[PDB]
Peer 1: 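Before I ask anything, here is the structure I am working with.
Values below: all heavy atoms of this structure, side chains included; hydrogens, waters and symmetry mates excluded. Just so it is clear: chains get the letters A, B, ... in the order the sequence lines come, proteins before strands, and each one is counted from 1.
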Amino acid sequence: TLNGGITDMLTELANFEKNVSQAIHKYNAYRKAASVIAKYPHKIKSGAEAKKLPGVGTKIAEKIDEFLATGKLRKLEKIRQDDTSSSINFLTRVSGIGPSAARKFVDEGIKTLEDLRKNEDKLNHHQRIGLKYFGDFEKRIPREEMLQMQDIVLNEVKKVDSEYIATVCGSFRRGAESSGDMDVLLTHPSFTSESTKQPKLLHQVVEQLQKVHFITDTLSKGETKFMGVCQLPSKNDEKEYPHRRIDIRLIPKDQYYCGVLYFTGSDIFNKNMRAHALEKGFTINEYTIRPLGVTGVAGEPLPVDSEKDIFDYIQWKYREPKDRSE
DNA sequence: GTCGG
DNA sequence: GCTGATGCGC
DNA sequence: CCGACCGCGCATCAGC
Ligand SMILES: CC(C)(P(=O)(O)O)P(=O)(O)OP(=O)(O)OC[C@H]1O[C@@H](n2cnc3c(=O)[nH]c(N)nc32)C[C@@H]1O
Ligand SMILES: [Cl-]
Ligand SMILES: [Cl-]
Ligand SMILES: [Cl-]
Ligand SMILES: [Mg+2]
Ligand code: NA
Ligand code: NA
Ligand code: NA
């Protein structure tokens, strides 16, 4: 929050480029600048000082000078007045509605919360649930609640098969005091990069979590990735808890470290680490770290037995999860 | 929008 | 039905 | 300059 004013601006500009402009790289350009500045241990005095950080160029430098002087950005002042941009930004806040669908809904006259609600028929399944829990999904989850959720998920998984290992990742693993949702990495001895000795491994877990009324809805579900909704149980006479988004990723047991690296994030940290990797001649995904041949084709997986091994391959000193929140 | 070759 | 490309999300 | 910008699971559609 040291340069919160500036970081909020950039994030607003990022969201604009992504939602309205559908300009993915401009979106990432702004988020990275915001990330880099949020990490800067000094209260930025000028755009010149900002431009020294990597990710901040000449354009963002001008904007930062304007913000510091007026306390705002004209470009944003106008954007907030443009009804189309405002409508598109709003709609995109519903899970399942992206830049394209948002713009299309607007063309059709579907622009508000009320509109969406009276037009459920025009929404696929995911959007339908996103609208259903529109309010809850914007609420934060206190670490205390994440802890209760962790307990339920681990114990229920333990009941299905004592050999399952569920690891809560995301901002939780990074030590945050509150998370936007719950991310669960899951492994089972039967599922390795070598073979799937048992079917429905993920399905069985989902089923059990639904059986105890923890998982309440499903946005999407496949053999290895579940995207849905969950809710902590409330006590007698106690108001129930908000519904929460939950992601469960089944990953080959032998590829745990690359998997937990991926799922721990942050997303920008991942983007930065993978980029640095390429420069170092390696390619990283949630399954493996491979070398880049002369041509450019990925080689065979390199041996990995800890997250640190991955860091070593790219010549980066290890960074604990708590320090990966970029 | 920013960066590196 | 399939594969491949596009949305959307992590 | 100007090309690259991480990598992938699932839902959905076009074309066959
Ligand atoms: C701060 C959070 C948004 P929250 O607390 O508000 O939930 P989070 O938990 O950090 O991220 P979230 O739940 O969206 O995705 C989980 C992880 O998936 C990885 N991940 C997400 N997006 C990407 C991406 O674009 N690329 C890669 N490689 N990994 C990603 C890194 C992410 O950490
Ligand atoms: Cl772009
Ligand atoms: Cl691994
Ligand atoms: Cl791979
Ligand atoms: Mg999360
Ligand atoms: Na810079
Ligand atoms: Na959305
Ligand atoms: Na998530």
Peer 1: Can you check whether A:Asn285 has a side-chain N or O nearer than 4.0 Å to OP1 or OP2 of D:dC8?
Peer 2: yes

Peer 1: Is any side-chain nitrogen or oxygen of A:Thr224 closer than 4.0 Å to OP1 or OP2 of D:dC10?
Peer 2: yes

Peer 1: Which pairs would a plain distance check flag for residues 96-109 of chain A, meaning a side-chain donor or acceptor within less than 3.5 Å of a matching protein atom at least two apart in sequence or in another chain?
Peer 2:
unit_1	atom_1	unit_2	atom_2	d
A:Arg103	NH2	A:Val20	O	2.8
A:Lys104	NZ	A:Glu108	OE2	3.3

Peer 1: State, to 0.1 Å, how close A:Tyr313 and A:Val304 come at their nearest heavy-atom pair, and which atoms those are.
Peer 2: CE1-CG2, 4.3 Å

Peer 1: Considering only C:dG9, B:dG1, D:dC10, which nucleotide approaches the side chain of A:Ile60 most closely?
Peer 2: B:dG1

Peer 1: Show your working on side-chain contact (heavy atoms from CB on, under 4.5 Å) between A:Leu250 and A:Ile248 and close with a plain yes or no.
Peer 2: CA-CA 7 Å; A:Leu250 176 65; A:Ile248 298 173; over 6 Å; no

Peer 1: Can you see which heavy atom on A:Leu123 is nearest to which on A:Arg128, and at what distance?
Peer 2: CB-N, 4.1 Å

Peer 1: Between A:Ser95 and C:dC8, is there a side-chain N or O to OP1/OP2 distance below 4.0 Å?
Peer 2: no

Peer 1: Stem list for DNA chain B, please, built from Watson-Crick and G-U wobble pairs under 3.5 Å and keeping only runs of at least 3.
Peer 2: none

Peer 1: Using whole Å, report how far CZ of A:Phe226 lies from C1' of C:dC8.
Peer 2: 17 Å

Peer 1: Within the supplied structure, the quantity of interest is the number of heavy atoms (other residues, nucleotides, ligands) at a distance under 6.0 Å from A:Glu223 CD; does it exceed 12?
Peer 2: no

Peer 1: Within less than 4.0 Å of OP1 or OP2 of D:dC6, is there a side-chain N or O belonging to A:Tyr287?
Peer 2: no

Peer 1: Specify the separation, in whole Å, of atom CG of A:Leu261 and atom P of D:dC6.
Peer 2: 15 Å

Peer 1: Round to the nearest Å and state the distance from A:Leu123 atom CG to D:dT12 atom P.
Peer 2: 12 Å

Peer 1: Grab the NZ-P distance between A:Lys221 and C:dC8 for me, whole Å please.
Peer 2: 24 Å

Peer 1: Count the heavy atoms of every other residue, nucleotide or ligand shown that sit under 6.0 Å from NZ of A:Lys72, and state whether that count exceeds 12.
Peer 2: yes

Peer 1: Please report, rounded to the nearest Å, how far the P atom of D:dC10 is from the CG atom of A:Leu250.
Peer 2: 10 Å

Peer 1: Any idea which of D:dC6, B:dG1, D:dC8 is nearest the A:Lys63 side chain?
Peer 2: B:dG1

Peer 1: Report the pucker family of C:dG1 (north if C1'-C2'-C3'-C4' is positive, south if negative).
Peer 2: north

Peer 1: Hey, does A:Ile284 reach any base, or is it just sugar-phosphate, or nothing, if we go heavy atoms under 4.0 Å?
Peer 2: sugar-phosphate

Peer 1: Using links of under 4.5 Å between side-chain heavy atoms of ILVMFWY residues, direct or through other members, which residues join A:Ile24 in one cluster?
Peer 2: A:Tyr27

Peer 1: Let me know the distance between OH of A:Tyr262 and P of D:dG7, rounded to the nearest Å.
Peer 2: 14 Å

Peer 1: Would one find a side-chain N or O of A:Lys225 under 4.0 angstrom from OP1 or OP2 of D:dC10?
Peer 2: no

Peer 1: Whole angstroms only, please: what is the CD-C1' distance between A:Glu62 and B:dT2?
Peer 2: 14 Å

Peer 1: Which nucleotide in the list D:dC6, D:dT12, B:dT2 gets nearest to the side chain of A:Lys59?
Peer 2: B:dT2

